[PDB]
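Chemist: Before we start, here is the structure in question, set down as structure tokens.
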Amino acid sequence: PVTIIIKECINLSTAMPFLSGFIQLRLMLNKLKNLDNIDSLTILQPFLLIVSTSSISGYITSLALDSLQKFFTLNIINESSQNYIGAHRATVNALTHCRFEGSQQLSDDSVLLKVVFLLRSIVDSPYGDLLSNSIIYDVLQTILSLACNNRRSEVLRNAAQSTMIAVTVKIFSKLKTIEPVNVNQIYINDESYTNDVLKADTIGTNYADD
Amino acid sequence: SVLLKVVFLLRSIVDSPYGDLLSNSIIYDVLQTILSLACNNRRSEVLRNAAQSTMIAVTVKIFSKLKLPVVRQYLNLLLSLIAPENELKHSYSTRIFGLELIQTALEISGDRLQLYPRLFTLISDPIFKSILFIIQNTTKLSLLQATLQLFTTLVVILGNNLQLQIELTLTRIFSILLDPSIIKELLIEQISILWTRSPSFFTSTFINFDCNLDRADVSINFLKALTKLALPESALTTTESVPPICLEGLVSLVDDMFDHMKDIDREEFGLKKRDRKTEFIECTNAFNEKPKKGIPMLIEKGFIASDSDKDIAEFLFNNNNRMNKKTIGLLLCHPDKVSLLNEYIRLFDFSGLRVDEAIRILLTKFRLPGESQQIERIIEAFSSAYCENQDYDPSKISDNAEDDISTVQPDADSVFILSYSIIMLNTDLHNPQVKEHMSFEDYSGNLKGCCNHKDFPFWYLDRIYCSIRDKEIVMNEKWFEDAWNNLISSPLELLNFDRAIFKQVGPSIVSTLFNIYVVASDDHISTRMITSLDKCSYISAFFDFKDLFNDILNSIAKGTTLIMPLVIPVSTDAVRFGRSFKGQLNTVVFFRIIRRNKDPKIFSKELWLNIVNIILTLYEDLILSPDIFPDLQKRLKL
Numbered sequence: 011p012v013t014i015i016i017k018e019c020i021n022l023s024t025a026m071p072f073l074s075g076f077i078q079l080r081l082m083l084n085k086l087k088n089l090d091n092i093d094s095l096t097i098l099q100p101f102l103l104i105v106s107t108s109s110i111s112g113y114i115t116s117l118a119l120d121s122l123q124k125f126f127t128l129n130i131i132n133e134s135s136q137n138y139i140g141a142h143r144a145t146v147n148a149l150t151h152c153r154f155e156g157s158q159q160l161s162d163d164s165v166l167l168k169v170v171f172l173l174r175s176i177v178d179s180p181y182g183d184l185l186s187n188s189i190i191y192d193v194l195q196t197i198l199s200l201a202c203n204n205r206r207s208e209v210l211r212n213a214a215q216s217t218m219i220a221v222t223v224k225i226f227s228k229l230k231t232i233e234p235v236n237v238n239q240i241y242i243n244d245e246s247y248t249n250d251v252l253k254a255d256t257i258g259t260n322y323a324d325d
Numbered sequence: 164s165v166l167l168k169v170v171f172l173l174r175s176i177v178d179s180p181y182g183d184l185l186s187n188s189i190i191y192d193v194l195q196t197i198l199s200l201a202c203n204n205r206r207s208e209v210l211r212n213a214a215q216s217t218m219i220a221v222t223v224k225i226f227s228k229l230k329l330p331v332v333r334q335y336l337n338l339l340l341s342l343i344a345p346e347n348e349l350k351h352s353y354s355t356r357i358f359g360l361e362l363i364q365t366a367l368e369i370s371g372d373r374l375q376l377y378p379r380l381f382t383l384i385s386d387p388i389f390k391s392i393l394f395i396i397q398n399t400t401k402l403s404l405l406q407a408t409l410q411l412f413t414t415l416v417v418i419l420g421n422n423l424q425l426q427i428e429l430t431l432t433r434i435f436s437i438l439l440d455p456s457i458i459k460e461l462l463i464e465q466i467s468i469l470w471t472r473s474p475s476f477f478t479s480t481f482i483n484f485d486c487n488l489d490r491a492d493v494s495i496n497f498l499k500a501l502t503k504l505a506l507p508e509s510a511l512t513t514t515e516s517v518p519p520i521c522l523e524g525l526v527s528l529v530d531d532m533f534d535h536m537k538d539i540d541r542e543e544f545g554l555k556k557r558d559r560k561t562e563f564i565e566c567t568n569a570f571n572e573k574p575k576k577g578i579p580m581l582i583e584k585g586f587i588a589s590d591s592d593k594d595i596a597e598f599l600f601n602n603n604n605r606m607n608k609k610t611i612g613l614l615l616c617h618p619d620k621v622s623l624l625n626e627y628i629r630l631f632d633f634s635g636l637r638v639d640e641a642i643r644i645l646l647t648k649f650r651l652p653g654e655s656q657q658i659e660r661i662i663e664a665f666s667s668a669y670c671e672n673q674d675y676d677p678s679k680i681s682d683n684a685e686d687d688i689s690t691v692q693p694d695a696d697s698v699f700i701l702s703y704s705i706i707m708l709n710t711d712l713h714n715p716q717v718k719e720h721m722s723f724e725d726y727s728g729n730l731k732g733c734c735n736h737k738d739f740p741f742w743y744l745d746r747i748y749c750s751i752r753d754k755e756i757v758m765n766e767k768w769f770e771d772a773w774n775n776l777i778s779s799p800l801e802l803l804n805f806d807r808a809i810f811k812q813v814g815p816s817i818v819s820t821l822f823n824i825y826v827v828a829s830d831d832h833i834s835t836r837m838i839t840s841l842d843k844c845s846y847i848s849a850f851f852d853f854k855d856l857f858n859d860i861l862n863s864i865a866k867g868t869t870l871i889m890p891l892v903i904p905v906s907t908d909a910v911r912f913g914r915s916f917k918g919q920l921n922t923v924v925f926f927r928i929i930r931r932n933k934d935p936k937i938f939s940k941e942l943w944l945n946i947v948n949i950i951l952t953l954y955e956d957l958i959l960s961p962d963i964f965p966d967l968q969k970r971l972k973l
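Residue numbers (the deposited numbering), protein chains in the order written: chain A, 11 to 26, 71 to 260, 322 to 325; chain B, 164 to 230, 329 to 440, 455 to 545, 554 to 758, 765 to 779, 799 to 871, 889 to 892, 903 to 973.
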């Protein structure tokens, strides 16, 4: 379990500054034997800083995002890990603010699907139930922006449609567990219909926190 | 888009709980298609990335159930994917994708794989061939990275029982490392996790790998490679990042052995396997030499009952992997041990065995000697041994029985010419230097009138030729082996155990510690370097190691640089102290060693001559105060 964090820190260290957290982590990770009191927000923080930052190239972001997918799919972040809900809040919040830069190898359109798949895995998993309203709203805004935009390829749009039809199930299934508020008193509508609007695209080349 | 849709439907149906109720044959029919989607390159790249993600997910789902024919067929499919037999048809991308796939599949549930035998049989012989073969025969960096990814996972999770197969792989890395420019950097960078993760990997290796008789020595070899890699001269054949990894390995080793050192009593201390292994590995060097003087040396070690030729002949008989074969062949070639020549081959058994299998077995016993006249006696005893082993029945000789050994009753000349003719087949056919191909019919006709002035049974020679033709060679060092190059087909206690590490390796380690501290200019590396040297100095005190515990402080004393007119205490050899940070740093740790030392007798004569200096010269440059014992001064009223 402790292996898989230092492991792939080998892989993502190979990027020849912004990488200093990785060698700091490698010095931190040698003698633990387990994930007990390591402040689990910090152990994912260098990856979050890599994916959130816009200046650096896209290839390192692709490698980091694949590493993050491999992180979650193992289920290394156990429930017993300290402050895990904060870590998942941080990684979703950093995911929704993703940025990109032009690159010759691969394509940004190729690796946006990794963001979509990782978001789908995050929300669909039980871990997604311990998320706040603002970050999930930002996630839905980002996915809807990806779906609506015509600049990207139609296959990625189809992936966006698929994950949205997937995530309606998860968001509305909690509607069964929740109980009705108030005492069924008479209600007068006084809220707007068009106060909100579709957020403009940002991932590409160029009573809420409860 | 329809391919993406069917992939999403497959992921949803297989990840669902109802996916567990799919049949244990249809999953393979699924997997062939949805993995061929990943392998195919002409499709869009985003579709391939979707294929990689959903293969990772379905691999999690299928291998989580292992806690059943589907996984067997699956490992067969990955074996066909990764292994180099099908390298021509498959591309780099599909191969590496399968490689990280099997890495994930083993890593998720590798602990439980020991119990079930069929998967382990499929993972030992054919799978490990792939990761062994890729290291010598690759150029692209990503594939080597992925293979070392998988190999490090095997060592870190499944290194306990998967024991012998660690040997042949692990040596070969040094053959490419100790002996390509970026490949060495990749190897060193990816191997460090091996020592880092497992907490006491070197001690565990010395426990199971070294002191066991059958296995060779790797940990001592590992340190002997690393210490050579430590010096900056290795930067002429490696990148600047390589020495930091090796220094991290060495400092981690000494820090782990110091973390083992927290609370043990020295008086409480005052091997049961390696004690044999010492003289056992010593006698091979005498046998890998002019070995006449080593034979009476062997008897003195309480190994053999008596100096009779039967006992030494039996001794050379049993062991096959130990003695160097060419040296034993040359020993057998000498003409002054003809008694040993007669009696050693007597203990062979040719009952119910053919001559072809006899020669096939016997060529493995020694390399065929390249001498002209010395082989004439052995290639003759080859024939002469066979007369008494097979009991003679002259009244039961006939050609009616086909594929029969009892029918032939050759004399000495018959088996002599048979053996002399059989040896020529490998040079005639298998060797490539003979460009003119010789027909076998002329070779058989050459043997006219040989079976006691008569022809040998032609069916016998025909079957022997049919046997030997099966191993034709085209175009010798090890060019790999179809049979795996292995015979698989055929707190006080731990300190006591690793007591023997330093007596083998320690001088090399302290030499490694020095010669980089001097050249290194940076403060941060140097303070850690000298702290490591302090750790070795403490470790020397528990044990005896007089040479090490003398030489290390002698080197430090020479390194402190203490051995115009003066006036505050200015001196010719005080400004050198102030200007040199290193001179400041060695004195404090040196006098710390002198402080916490326990035994008085351990120091030597010339060290004592050294430490009367330092303090005398510091007096002579008026640095330290003179009244070191004011109590005796007050007692004398002086």
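Don't be surprised by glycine CBs; every beta carbon is placed ideally from N, CA and C.
Along chain A, in chain order, which residues have C-beta atoms closer than 7 angstroms to that of B:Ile468?
Modeler: Correct list: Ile16, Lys17, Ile20.
Chemist: Could you tell me whether the segment 124-140 of chain A touches the segment 90-102 of chain A, where touching means 3 or more Cβ pairs closer than 8 angstroms?
Modeler: Output reads yes: the segment 90-102 of chain A touches the segment 124-140 of chain A.
Chemist: A:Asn137 and A:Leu95 - do their beta-carbons sit closer together than 8 angstroms?
Modeler: Yes, Cβ-Cβ distance for A:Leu95 and A:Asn137 is below 8 angstroms.
Chemist: So is B:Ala213 in contact with chain A if we call contact Cβ pairs under 8 angstroms?
Modeler: Cβ-Cβ to chain A under 8 angstroms: yes for B:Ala213.
Chemist: How far does the alpha helix (DSSP H) with B:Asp966 in it extend, from its first residue to its last?
Modeler: Here the alpha helix (DSSP H) through B:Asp966 covers 965-971.
Chemist: Alpha carbon to alpha carbon, how far is B:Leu506 from B:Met837? Give it in angstroms, no decimals.
Modeler: So the two alpha carbons sit approximately 13 angstroms from each other.
Chemist: List, in order along the chain, the chain A residues whose C-beta lies closer than 7 angstroms to that of B:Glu464?
Modeler: Result: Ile20.
Chemist: With 8 angstroms as the limit, tell me which residues of the segment 92-126 of chain A have their beta carbon closer than that to any beta carbon of chain B; keep them in chain order.
Modeler: Result list: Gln123, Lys124.
Chemist: Can you find the residues in the same chain that come closer than 8 angstroms, C-beta to C-beta, to B:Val331, ignoring five residues on each side of it along the sequence?
Modeler: Excluding positions up to five away in sequence, the list reads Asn187, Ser188, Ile190, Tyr191, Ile225.
Chemist: Between the segment 350-361 of chain B and the segment 370-377 of chain B, can you find at least three pairs of beta-carbon atoms closer than 8 angstroms?
Modeler: They do not touch, by the three-pair rule.
Chemist: Throw me the rounded Cβ distance for the B:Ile437 and B:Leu469 pair, which I believe falls under 8 angstroms.
Modeler: So it is not a contact: roughly 16 angstroms between Cβ atoms.
Chemist: Would you mind stating whether B:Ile395 and B:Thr414 have Cβ atoms separated by less than 8 angstroms?
Modeler: Not in contact: B:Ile395 and B:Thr414 (Cβ atoms no closer than 8 angstroms).
Chemist: Relative to the alpha-carbon of A:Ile176, which residue among A:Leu73, A:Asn84, A:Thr145 has its alpha-carbon at the smallest distance?
Modeler: The residue with the shortest Cα to Cα distance from A:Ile176 is A:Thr145.
Chemist: Within a Cβ cutoff of 6 angstroms, which residues of the same chain sit near B:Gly867, ignoring the five residues on either side of it in sequence?
Modeler: Same-chain partners within the cutoff: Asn921.
Chemist: What residue range does the alpha helix (DSSP H) around residue 548 of chain B cover?
Modeler: In the model shown, chain B runs from 545 to 554 with nothing in between, leaving residue 548 of chain B without coordinates.
Chemist: For the segment 344-375 of chain B, which residues have a CB atom closer than 8 angstroms to at least one CB atom of chain A, in sequence order?
Modeler: The segment 344-375 of chain B vs chain A, Cβ under 8 angstroms: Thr365, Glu368, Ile369.
Chemist: What does A:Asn238 reach in chain B if we use C-beta pairs closer than 7 angstroms?
Modeler: What A:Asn238 touches in chain B: nothing, since even the nearest Cβ is about 37 angstroms away.
Chemist: I need the straight-line Cα distance from B:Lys940 to B:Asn948, nearest angstrom please.
Modeler: Those two C-alpha atoms are separated by around 13 angstroms.
Chemist: Using only CA atoms, which one of B:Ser634, B:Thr839, B:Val223 lies nearest to B:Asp674?
Modeler: With distances taken between Cα atoms, B:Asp674 lies closest to B:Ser634.
Chemist: So, are the CB atoms of A:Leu166 and A:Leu149 less than 8 angstroms apart?
Modeler: Their beta carbons are not under 8 angstroms apart, which means A:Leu166 does not touch A:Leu149 by this criterion.
Chemist: In angstroms, rounded to a whole number, what distance separates the CA positions of B:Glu542 and B:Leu800?
Modeler: Looking at the two C-alpha atoms, the distance is approximately 12 angstroms.
Chemist: Does B:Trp773 come out as helix, strand or coil in the three-state DSSP assignment?
Modeler: Correct three-state label for B:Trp773: coil.
Chemist: Taking the CB atoms as reference points, tell me whether B:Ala213 and B:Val169 lie closer together than 8 angstroms.
Modeler: Result no, Cβ atoms of B:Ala213 and B:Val169 do not sit closer than 8 angstroms.
Chemist: How about B:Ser216: is its C-beta nearer than 8 angstroms to some C-beta of chain A?
Modeler: Judged by the 8 angstroms Cβ criterion, B:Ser216 is in contact with chain A.
Chemist: Would you say B:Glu208 faces chain A, with C-beta separation under 8 angstroms as the test?
Modeler: So yes, B:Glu208 belongs to the interface.
Chemist: Determine whether the Cβ of B:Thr399 lies closer than 8 angstroms to any Cβ atom of chain A.
Modeler: Answer no: the Cβ-Cβ gap between B:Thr399 and chain A never drops below 8 angstroms.
Chemist: Give me the Cα-Cα distance between B:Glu659 and B:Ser341, rounded to the nearest whole angstrom.
Modeler: Approximately 49 angstroms, taken between the alpha carbons.
Chemist: Go to B:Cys844, then tell me how far its alpha helix (DSSP H) extends in each direction, as first and last residue.
Modeler: Segment 831-850, the alpha helix (DSSP H) holding B:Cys844.
Chemist: If you run the structure through DSSP and keep just helix, strand and coil, what is A:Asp93?
Modeler: Coil, per DSSP.
Chemist: Report yes or no: do the segment 499-516 of chain B and the segment 471-490 of chain B share at least 3 C-beta pairs separated by less than 8 angstroms?
Modeler: As far as the Cβ criterion goes, the segment 499-516 of chain B does not touch the segment 471-490 of chain B, which means the pair count is below three.
Chemist: Check whether the Cβ atoms of A:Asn91 and A:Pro11 lie closer than 8 angstroms to each other.
Modeler: Against a cut-off of 8 angstroms, the Cβ pair of A:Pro11 and A:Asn91 comes out as no contact.
Chemist: I need the DSSP call for A:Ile110, collapsed to helix, strand or coil.
Modeler: A:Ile110 falls in the coil class under three-state DSSP.
Chemist: Am I right that residue 146 of chain B and B:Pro518 are in contact with their C-beta atoms under 8 angstroms? What's the rounded C-beta distance?
Modeler: Residue 146 of chain B is absent from the model: chain B starts at 164 and stops at 973.
Chemist: Assuming B:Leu438 is part of the alpha helix (DSSP H), what are its boundary residues?
Modeler: Where B:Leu438 is concerned, the enclosing alpha helix (DSSP H) stretches over 425-438.
Chemist: On a CA-only basis, which of B:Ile662, B:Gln657, B:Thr647 is nearest B:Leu613? Give me that one, please.
Modeler: Among B:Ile662, B:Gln657, B:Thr647, the Cα nearest to that of B:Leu613 is on B:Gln657.
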